[PDB]
């Protein structure tokens, strides 16, 4: 997994912004490292558009998982995650319909009343980012390991 530097690896926002600019690509996962307007720190976003304006302009449009929608940020607002490897985590947003992957025989936090046929709406991410809380028709407030969860087609 190609690891990227964070703001703490540079002397100045300008430095770090240049690094992000040099490395960020549409499709990349990024983490918000400096809260900005609708994007809280720690929100994770898929870059959906890059504008190439001034170094500190609102050049990074992501689809933010916790915000649940798109928001433009500056380079210094994000730290690059990159292209997570196959399935290791998917781009799932609050508000998305998810289901337990068929590849999961038993979810980390048990099935409860959820089946593979259950379709739930993501309502929150755990503080560690590894878990989502999902409201299924059969069971609200169901916690799943995000890695065992997938968007419903």
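Numbering follows the first chain given and starts at 1.
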| property | result |
| --- | --- |
| Of 8-16 and 130-138, the one with larger mean CA B-factor | 8-16 |
| Of 110-118 and 25-33, the stretch whose C-alpha atoms average the higher B-factor in the entry | 110-118 |
| Residue with highest C-alpha B-factor in the PDB entry, from 66, 70, 88, 59 | 88 |
| Peak C-alpha temperature factor (PDB record), options 40, 104, 98, 48 | 104 |
